[PDB]
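Heads up: the structure comes next, in C-alpha cells.
All residue numbers refer to positions in the sequence shown, counting from 1. When a ligand or atom number is given, it counts from 1 through the structure's own listing order.
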Amino acid sequence: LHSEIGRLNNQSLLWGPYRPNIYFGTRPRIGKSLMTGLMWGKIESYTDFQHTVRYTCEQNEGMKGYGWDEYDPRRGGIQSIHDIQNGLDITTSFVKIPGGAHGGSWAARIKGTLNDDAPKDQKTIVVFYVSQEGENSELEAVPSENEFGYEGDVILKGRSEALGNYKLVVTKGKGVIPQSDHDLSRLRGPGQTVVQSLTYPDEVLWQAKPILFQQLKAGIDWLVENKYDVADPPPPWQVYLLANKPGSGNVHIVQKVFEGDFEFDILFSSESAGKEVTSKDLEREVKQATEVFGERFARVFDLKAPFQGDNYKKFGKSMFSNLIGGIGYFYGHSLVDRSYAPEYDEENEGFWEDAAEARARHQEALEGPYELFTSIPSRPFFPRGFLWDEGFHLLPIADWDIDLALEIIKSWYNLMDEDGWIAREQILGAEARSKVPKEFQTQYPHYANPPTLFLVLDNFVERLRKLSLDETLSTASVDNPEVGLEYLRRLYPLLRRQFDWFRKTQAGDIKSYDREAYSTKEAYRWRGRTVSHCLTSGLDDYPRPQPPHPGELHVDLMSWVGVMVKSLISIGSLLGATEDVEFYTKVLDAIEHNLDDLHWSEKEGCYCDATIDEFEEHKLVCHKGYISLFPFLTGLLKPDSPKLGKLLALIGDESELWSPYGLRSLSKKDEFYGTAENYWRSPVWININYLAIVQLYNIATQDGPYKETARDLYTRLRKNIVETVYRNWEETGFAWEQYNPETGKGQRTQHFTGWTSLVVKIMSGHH
Ligand SMILES: Cc1nc(-c2ccc(NCCCCCCN3C[C@H](O)[C@@H](O)[C@H](O)[C@H]3CO)c([N+](=O)[O-])c2)no1
C-alpha cells in the first residue's frame, strides 16, 4: 500500500510548468523528454525584437512584476505577467487532466491584453517552442493544407517510451493577424501561423533563444539574397516571420504574429487517456482548479487576527502561490571538486590561503547526472535548489500538501553521496549552469549548510503522531500511518548518515586546547570560512571570530546538531531503533551542557561563538544578533531557563535587536552594524524571525516564568513581520529578500519566494 500511494503520487505529480527559470514552459519529471516554452515581444522596427523578446525570467525597470495568483502542482494554476517594455498584460493558465498511464494530459491558455500605454495596433510576435530529448522518440508537425502556413490549429504528433503516444496542439487562437501587401507575400504568404521543425543534438535543445534567432537570421539572409532590400522593404513583422517548414524533428518552433489583444491554447493529449483534450475541457478545468484552490486555502491558511481581512487573504494567496509555484524539476551534471585535498581539512592557522591554493588546482569535474524536484528562492536571480532555504520553503508547503513536501525531501535526500554530503547549491545541467558564473559553480564535499529539512520532518512526525483523489493523495502519508512509517524507515538511514557526516566533517577541537566542558566530544566548526565570510552557515557575513582559526567553535552549528539529534530521537523511537535512541539521548544531553560550557557568556547575557586566543586560550567572541539567540531559535532551551529569560530581554531590547519592522540580524550596538556589504549585519530576515516567532509562541502557550513576556513579544513580532512584508508587497508587488530596520523598506532582491513566504504560516498561526 505504501508502494501504491507512491505510484499514485508519481502519476499525480509527473507533469507541471516545472520550468520556473522561464516565464512559462512545461516539462515532466523525466530528465530526457518533452519540454515547452513561451516567448513574446513587440516588434516596432527592423532591430528591436532581439531586445524586446521575453523568455528566461528577469526583473528590471522594463517589467512591473509577475507571479502565480493561484497554484497547486497537482492541479495547475494561473500566472499574471505585467510587462512594461512590451506594453502587455499576460495571463498563462495551466491545468492538468488525469487519465491514461503516462501521467495524464494538460492544457494552457496564453492571453495577452495590451495595456493602456501600448499603441492599439502593436504587433506582438509569439512563439511556442517545443523540444524532445531521447534516442528512440519521435515528434512530428502535421503539415497544413494551406500553402504558406496554418489557417487553423497546429498539431504535433509524437511518441516516447516515457510518455507513450501523445498529441500537442497549438490552437488558432483569437486576435487580428496582420496581413502584408508586399511582393514577399507571394512567396511567404500574406501573414499566418508558421511552424519550423528542426533537429539539433539533444544536449543543446534547451537553448531556445539562440536556436530561434538562428532561424530568424537565416530568413533575413534569404531576404537579402533574393533582392528584398531598403528600396522597398517588407514590414518588420513579416521580415521576422519564419518561412513555414513543418516536419519531423526534436525541435518545433510555432510562431504567430498578432496585432492588438490575442489568446491561444496549448492542448496536450495523452493518447493512453482516451478522449483528447479540448479548449472547453481547459476552461472547465481552470474554473474547477480555482474553486478547489479557494477551498483549500481557507482551511489550511486560515489567517488569524488582526489579518483576517480580505487584503491580507489576497496578500497571503500571492505569497503562498509564488512559493509553491516556484517548484521546478532540474536534471543534469553538477560541478564538484572530488580531490578531497588535505588543505580542505582547515587544520592549520591561515587555512583559508591553503584552501585557496587547492581550489586553484581546479580538479573539479562534472558528475551525475542528477535530478531534483524542489522549490527555489528566486525565479529571476537564482532559480535552483538551496539546501537550508528548502527547509523553510516546505513549512508552508507541507501544510498545503504533506505528500508533496515528502516528495521534495525525498528528492533532496536522493542526492546524498556515500559519505553523507548533499551539495548546498544544486546546479544541475547546462541550462541551470547558464545562470551561474563558472567561478561559483563548483561544489565542495566539506561544505555543509543548516539541516532545516529536519524541521519539516519534525512537523510531519507530530502530524503522524496526532475528498477528491488529489485531496486524498495530499495527506495519504499521514492518514495511513503505515505509509508514513515506511517513508521514515527508508529515509532514516540517510538522516543518520547526514548526522554522522556533520560530526565527522564539521567537528570542532576541544581536546587540543585549554578547554574544559561536560563532554569532550560535542563541539562544532563550519568548514569553508574566509576572512570576511561564512557561506556554509547561511549567514554570509555575520561577524565571526577574527581571524578565522581551526580552534573556532560556532554556536549556531552546535544548535543545528541539537535539532538533528532531537529529530533522530523522535524518528528512531518510531522505528524502535532502541540502540540508536540511547546514543542520541547521550549526545543531546552532552550538547545541552556544552552549549553552556563552551558558548554561554554570563558577562554578555547571551550565547557567543568561541575561538582560541593569541595566548592559546578559549575566548568567547560575542556579536549580539541572530547567532546569539541560536539555542533559543532551534528549540533547545527549557521554558524555565534563566538563560532563556536573558535571551528574551535581548530579543525585546529596542536598542539592540528589536526594530519596529522585526528583529535585526545584528545589534545596533555591535561594532560591525551596517558595515561592508551589510548582508547579515543589520537587515531583517524573515526566516530567522519566523523561528523566533514560533519559539516565542511555544513559551507563550505553556506554564512558566516567561509565559507573559513571550506572549507579548509573540503578539508584537508577528504583527511587525507580517505588516512589513505586507506593506512592501502592497507598495511594490514584491516579496523581498530582507527588510531595512530603519525604514522598513524591502531591499536586495525581489521575487524572493523564497522563505519570505513564511509570512503565510505566521499569519495563520496555531503552531
Ligand atoms: C538586475 C539584478 N540582478 C541581480 C542579481 C542578484 C544576485 C544574483 N545571484 C546571487 C546568487 C547567490 C544566492 C544566495 C541567496 N541567498 C543568500 C543567503 O545568504 C543564503 O543564506 C541563501 O542560502 C541564498 C539563497 O537564498 C544574480 N544572478 O546570479 O543572476 C542577479 N540583482 O539585480
- Heavy-atom contacts with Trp680 under 4.0 Å: which atoms of ligand 1 show up? List them by number with element. 19 (O)
- Among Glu737, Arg379, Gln59, whose side-chain hydrogen bond (donor to acceptor under 3.5 Å, both in side chains) with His751 holds? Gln59
- Establish, from distance only, whether the side-chain atoms of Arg338 and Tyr340 form a donor-acceptor pair under 3.5 Å. yes
- If we only count N/O pairs under 3.5 Å, is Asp389 in contact with ligand 1? yes
- Just let me know how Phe752 lines up against ligand 1, side chain, backbone, both or neither, with a heavy-atom cut-off below 4.0 Å. side chain
- Query: Do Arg359 and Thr442 have side-chain atoms, one donor and one acceptor, less than 3.5 Å apart?
  - Reply: no
- Please say whether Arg384 places an N or O atom under 3.5 Å from an N or O atom belonging to ligand 1. no
- Message: Counting only heavy atoms closer than 4.0 Å, does ligand 1 sit against the backbone of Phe440, its side chain, both, or neither?
- Response: neither
- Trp400 and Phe320 aromatic centres sub-6.0 Å: yes
- N/O to N/O below 3.5 Å, does that happen between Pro380 and ligand 1? no
- Check whether the SG atoms of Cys608 and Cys622 are less than 2.5 Å apart, and answer yes or no. yes
- Note on the structure: Residue pairs meeting salt bridge (charged side-chain N to carboxylate O under 4.0 Å, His left out), one or both in residues 679-694, sequence neighbours left out, come to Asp541-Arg681
- Query: Quick one: does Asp540 get within less than 4.0 Å of ligand 1, heavy atoms only?
  - Reply: yes
- Query: Does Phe381 approach ligand 1 within less than 4.0 angstrom via side chain, backbone, both or neither, non-hydrogen atoms only?
  - Reply: both
- Check each of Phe630, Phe502, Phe454 against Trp560 using the ring-ring contact (aromatic ring centres under 6.0 Å, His included) test, and report the only one that passes. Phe630
- Applying a 4.0 Å heavy-atom criterion (strictly less than), which segment of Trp755 is in contact with ligand 1: side chain, backbone, both, or neither? side chain
